[PDB]
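Quick notes on the structure that follows.
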Amino acid sequence: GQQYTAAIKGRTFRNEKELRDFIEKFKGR
């Protein structure tokens, strides 16, 4: 699969499950 390359620079995710959670962290401002 097309792994996320833009979405996040310097921190990539292998499991979208963890990105769904870290996403909850970015969305908060």
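Ordering of the structure tokens sets the chain letters (A, B, ...); residue numbers start at 1 within each chain; ligands are numbered from 1 in the order shown.
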Problem set entry | Residue set, chain A restricted to helix (DSSP H, G or I), as a PyMOL selection string | chain A and resi 16-26
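Within 10 Å of residue A:13, once only C-alpha atoms are used and residues closer than 6 positions along the same chain are dropped, the contacting residues are residues 3, 4, 5, 19, 20 and 22 of chain A.
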Please dump the current selection as an mmCIF file, in the first residue's frame; keep N, CA, C and O atoms.
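The file below, part-v9.cif, is the result:
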```
data_model
loop_
_atom_site.group_PDB
_atom_site.id
_atom_site.type_symbol
_atom_site.label_atom_id
_atom_site.label_comp_id
_atom_site.auth_asym_id
_atom_site.auth_seq_id
_atom_site.Cartn_x
_atom_site.Cartn_y
_atom_site.Cartn_z
ATOM 1 N N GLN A 3 2.234 4.040 1.427
ATOM 2 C CA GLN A 3 2.481 4.511 2.820
ATOM 3 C C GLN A 3 2.418 6.039 2.869
ATOM 4 O O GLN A 3 2.728 6.717 1.913
ATOM 5 N N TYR A 4 1.996 6.572 3.977
ATOM 6 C CA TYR A 4 1.872 8.046 4.135
ATOM 7 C C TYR A 4 3.271 8.700 4.025
ATOM 8 O O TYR A 4 4.161 8.377 4.783
ATOM 9 N N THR A 5 3.472 9.604 3.075
ATOM 10 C CA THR A 5 4.825 10.270 2.900
ATOM 11 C C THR A 5 4.738 11.789 3.102
ATOM 12 O O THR A 5 5.698 12.428 3.485
ATOM 13 N N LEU A 19 -1.828 5.863 13.914
ATOM 14 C CA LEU A 19 -1.985 7.211 13.293
ATOM 15 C C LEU A 19 -3.373 7.744 13.641
ATOM 16 O O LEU A 19 -3.546 8.919 13.847
ATOM 17 N N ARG A 20 -4.358 6.890 13.719
ATOM 18 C CA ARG A 20 -5.728 7.361 14.073
ATOM 19 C C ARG A 20 -5.676 7.995 15.459
ATOM 20 O O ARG A 20 -6.326 8.983 15.741
ATOM 21 N N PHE A 22 -2.745 9.157 17.081
ATOM 22 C CA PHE A 22 -1.884 10.364 17.036
ATOM 23 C C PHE A 22 -2.642 11.467 16.296
ATOM 24 O O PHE A 22 -2.421 12.642 16.506
#
```
Exercise. So how far away is atom CA of residue A:26 from atom CA of residue A:9, in Å?
Worked result: 13.3 Å
